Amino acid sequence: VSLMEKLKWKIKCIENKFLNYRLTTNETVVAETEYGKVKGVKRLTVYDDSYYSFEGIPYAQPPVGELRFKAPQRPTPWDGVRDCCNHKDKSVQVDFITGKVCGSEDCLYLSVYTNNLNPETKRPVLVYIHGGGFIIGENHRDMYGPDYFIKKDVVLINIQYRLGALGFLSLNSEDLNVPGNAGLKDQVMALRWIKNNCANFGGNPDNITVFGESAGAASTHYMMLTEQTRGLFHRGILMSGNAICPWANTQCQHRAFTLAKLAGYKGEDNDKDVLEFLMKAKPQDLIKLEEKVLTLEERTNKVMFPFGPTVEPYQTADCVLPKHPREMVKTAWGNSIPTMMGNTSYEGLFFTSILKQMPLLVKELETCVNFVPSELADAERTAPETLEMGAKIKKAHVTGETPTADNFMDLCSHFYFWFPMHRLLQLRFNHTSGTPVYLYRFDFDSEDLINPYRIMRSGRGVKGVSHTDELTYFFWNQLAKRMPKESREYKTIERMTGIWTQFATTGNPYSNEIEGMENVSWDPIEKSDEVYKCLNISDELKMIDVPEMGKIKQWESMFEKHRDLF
């Protein structure tokens, strides 16, 4: 990231700290948890609303030393009053603005917010899981501010979990107790805490919604798939992601060794000796080197992250993913709770930045063999069947004689988001009690209000609704400003937070009390639907057939001779 956005972000960081002090009050309050009393503080928003803020609530033991790479354990309870008036640190990770490593292994905390500690009725509980490819992200209010949601009568909860190799190291040897998915096991234990404690904050323990974007969406879906969380919540929102997305799982058991070798390990490739080195390496050295772990072949096969969720090699007490996600959908308790899912109108536009560094990637669309789902393609991507599948993809997105960046970014939308969503809906239909799933399409474009991800994707002055453009209308961030209330941006905040809280409340997203929704008949998706219908959200709200549908069927036709793998 540029020197200009480094000094520019440095200043907004300093501004956010002064604003945060200014927007603080002297009104401290104490609440009960099952681990002991916590002290929160009331804060202000730029729209002159206020809310109670409890930050740095531990939901697990600090996962340092011998707990590193291990499943999380419950934290130690305390007498007296724990101070929760400041944020804790984020998970160790590479800062996308600077490139430096930041964070700390002591990262397993959650934050609780609400405009009213003592409502007269129990409120809907909303749990946000941040995205960031399981390698970056945080629950700090400079990125995920509760300011829009607290205008509503809900309890909002933002969790943290272990990122990167510290969150997702996986070792085959059963003796070492590092099966993998530690960061997911973090999420589980946070859910268990939320279930047992939300009532102390005015929340309804029998009406909890979990939602997240991108990796947060896959996390949310995983929380709906695993037996570990059965019955913990009651609604799910998957925003631009799920667990059968190609980036949302990987078998990474051989990559621990590689990571060790990059970090200076001297010895052989057995898990024990590899683990011992990794257990004593500086946390910020492991994280800085993750970028180098993937081989060139893996990058070629569109593997995006070296460490991440994985099928665990053996089963233990806190096992989360004992089978491939496709197999888990067939039994998942979460299939039988109300679900909302959606994408933005130009997802792949996120990859503008990457193309700017590798213009050579555009040539991949001459055959598109690289984008063939990996389970169908051969190793070298050279078998004639793979070239055939590649051609079907090519017909879907290459509009002219030569592929363009727009073709490329259009393909990504489907490879990373629309196709996986389609596969999941069809799978779920064959294994579900018939609980409704609703679809949305986020199509609202604006440059007058942005969020930090636009700096990373180099989305400065770029038309189109990219992946993560919707976050801006859900959360406050240190790049936000107060918008006039008649603005299109402000209306979208109201609609977006309106629908999400409405869904969280009733398992049904429609409300005539939301501006723009007076002509809307939002029906859920039936198994017999050949065409998906979705709420298109732009300056106006409108029910439509998913425009991406024809391209989605093209991708499905790659499985014509391999229908068992669909």
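Start at 1 with the first residue shown and count on from there.
Of the two segments, 489-497 and 430-438, the one listed with the higher mean B-factor is 430-438 (C-alpha atoms only). Look at the C-alpha B-factors of 237-245 and of 330-338. On average they run higher in 330-338. Highest CA B-factor among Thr352, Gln160, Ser214, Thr310, as stated in the entry: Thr352.
Annotation for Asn197, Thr209, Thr402, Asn343: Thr402 ranks highest, by Cα B-factor. When the modelled residues of the chain are ordered by C-alpha B-factor, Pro63 sits in the middle third.
When the modelled residues of the chain are ordered by C-alpha B-factor, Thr45 sits in the middle third. When the modelled residues of the chain are ordered by C-alpha B-factor, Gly164 sits in the lowest third.
In this PDB entry, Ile57 carries a Cα temperature factor that places it within the middle third of its chain's modelled residues.
Among all modelled residues in its chain, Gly131 ranks in the lowest third by Cα B-factor.
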